[PDB]
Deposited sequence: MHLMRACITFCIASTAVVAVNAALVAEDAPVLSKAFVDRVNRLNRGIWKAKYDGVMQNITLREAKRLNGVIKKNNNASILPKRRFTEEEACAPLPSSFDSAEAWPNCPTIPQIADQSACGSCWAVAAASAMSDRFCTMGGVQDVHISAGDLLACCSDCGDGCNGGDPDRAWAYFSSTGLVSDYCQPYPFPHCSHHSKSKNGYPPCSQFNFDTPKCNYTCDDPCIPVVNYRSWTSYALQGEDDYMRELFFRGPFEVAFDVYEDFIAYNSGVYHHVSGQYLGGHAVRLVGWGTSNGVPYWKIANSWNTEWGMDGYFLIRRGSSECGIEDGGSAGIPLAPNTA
């Protein structure tokens, strides 16, 4: 919509009063100057076609710990702790998907360090939606099953790191300088001397509800979920987020990596795709148990097929 800032000092003071200090909002952080049009661009979920996940008796009746972190449970899987940067696209549906697929190749696929190409998925799955104008996480995982995806060695993400800060500590260029269209779908690597290797799942499925989410995470590792983004979330700095003010900005896809309790408040730990400058080093904590902003309404996951 507008070139009107999403944040104001008055808006953030209201938020910090209404949230009762359970989470901290910050006006003069990395998102201070973000525009209503740029904020809505980050939120690329539009629009089940996947079968519902079925647990065995042993999976369903296992006593889950009160704390869990995917990076500590699989300390030899180096993709889990890495933070993506979707850049100036509505590519979150594809970026969260490709991140969790990279992680599952190590947790289940016998491959320690492969990065699945978000670019390949964004550009070639026309059935998933319309690239940087948004798309459907469930269709992304169905595409990983039927067609498959190259690694980011074959097809690196086309859009560079960008900052919303004036002086980025990482020295990234501003995101205000960029506004990207869906890349072309290619059938060779960007360097055609790198041979094409196709990576597939043998099964893809849907999840619903706190219990399903914790069991899937514990047994199989990170997966893709989505929630409603309101203006207050843009200002998130630390603590367990819950919505208290601001208008609806769209659906956003993210990567669930953990859960815990912080001073009696249950949370999910989540890897965002807005680089390591935003939130808690690229992470946020959100309230678990009550489907906060619909986060527990729909997850998408799958089992990578081991190569050869």
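According to the record, the deposited residues with no C-alpha atom in the structure span 1-25, 73-77, 339-340.
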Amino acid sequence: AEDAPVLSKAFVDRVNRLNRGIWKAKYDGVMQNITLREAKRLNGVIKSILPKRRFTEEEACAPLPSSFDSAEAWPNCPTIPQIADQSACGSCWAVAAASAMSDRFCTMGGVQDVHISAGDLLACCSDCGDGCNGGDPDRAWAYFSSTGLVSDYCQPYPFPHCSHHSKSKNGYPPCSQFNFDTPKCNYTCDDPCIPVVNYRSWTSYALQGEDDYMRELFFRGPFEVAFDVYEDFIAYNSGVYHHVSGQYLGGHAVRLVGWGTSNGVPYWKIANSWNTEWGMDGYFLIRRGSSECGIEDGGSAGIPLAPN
From here on, numbers count along this sequence of modelled residues.
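On average the C-alpha atoms of 117-125 have higher B-factors than those of the other stretch, with 117-125 and 101-109 being the two compared. Just going by the entry, 295-303 versus 17-25 on mean CA temperature factor gives the higher value to 17-25. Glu72: CA B factor in the middle third of modelled residues in this chain (values from the PDB entry). In the deposited entry, the Cα temperature factor of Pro173 sits in the top third of values across the chain's modelled residues. Annotation for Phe144: C-alpha temperature factor in the lowest third relative to the rest of the modelled chain, per the entry. Among all modelled residues in its chain, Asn43 ranks in the middle third by Cα B-factor.
Sorting the modelled residues of the chain by their CA temperature factor places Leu256 in the lowest third.
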